[PDB]
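This is what each chain is made of:
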Amino acid sequence: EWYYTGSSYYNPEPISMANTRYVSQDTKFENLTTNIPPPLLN
Amino acid sequence: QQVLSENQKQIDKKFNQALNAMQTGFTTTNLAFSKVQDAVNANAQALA
Ligand SMILES: *[C@@H]1O[C@H](CO)[C@@H](O)[C@H](O)[C@H]1NC(C)=O
């Protein structure tokens, strides 16, 4: 569904904790409910 | 994010006021306009 890629090259990679930072919720964020990346799991 | 979400209309109004305020910044008291006029005056003074 949603993948992580680099800012200077297109390479879709799985979303991990190394790639992502926790941020406060914004209303323009995508509420995803079917497939959830592992850093957003419990 | 909460401050920007709660104060969006105030931000837009202040930005519009600041962008409409630069219409009258073309007087002699402004430093940048004085520099523009100084450049034009130097260009004229060389020919003079
Ligand atoms: C995600 O949920 C928030 C919370 O209600 C909502 O404001 C926002 O519009 C939603 N975004 C999408 C893309 O569904």
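Residues numbered from 1 in each chain as written, not as in the entry; some residues may be left out. Chains lettered and ligands numbered in written order. Part of a larger assembly, values for the part shown. Heavy atoms only, no water.

Method-wise, the PDB entry is recorded as coming from cryo-EM, at a reported resolution of 3.00 Å.

A. Layout of the site of the ligand. All names here are of chain A. The local shell around the ligand consists of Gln-25, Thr-27, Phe-29 and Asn-31. A distance of 2.8 Å is found between an oxygen atom of the ligand and a side-chain nitrogen or oxygen belonging to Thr-27. Contacts to the ligand include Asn-31, whose side-chain N or O atom sits 2.4 Å from an oxygen atom. Out of a free accessible area of 360 Å², the ligand has 39% covered by protein chains. (Near = heavy atom within 4 Å. Polar contact = N/O pair within 3.5 Å; in protein donor to acceptor, adjacent residues only side chain to side chain. Areas by Shrake-Rupley, 256 points an atom, 1.4 Å probe, with all protein chains shown as cover.)

B. Expanded view of a nonpolar patch on the surface. There is a patch of nonpolar side chains on the surface, built from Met-17, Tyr-22 and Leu-40 of chain A and spanning about 370 Å² of accessible area. Classification of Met-17 of chain A by relative accessible area gives exposed; the value is 53%. (Patch = residues over 30% accessible without salt bridge, like charges linked within 9 Å, V, L, I, M, F, W, Y side chains within 5 Å. Salt bridge = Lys/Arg side-chain N within 4 Å of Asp/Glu carboxyl O. Buried < 20%, exposed > 50% of the residue type's maximum accessible area, 1.4 Å probe, protein only.)

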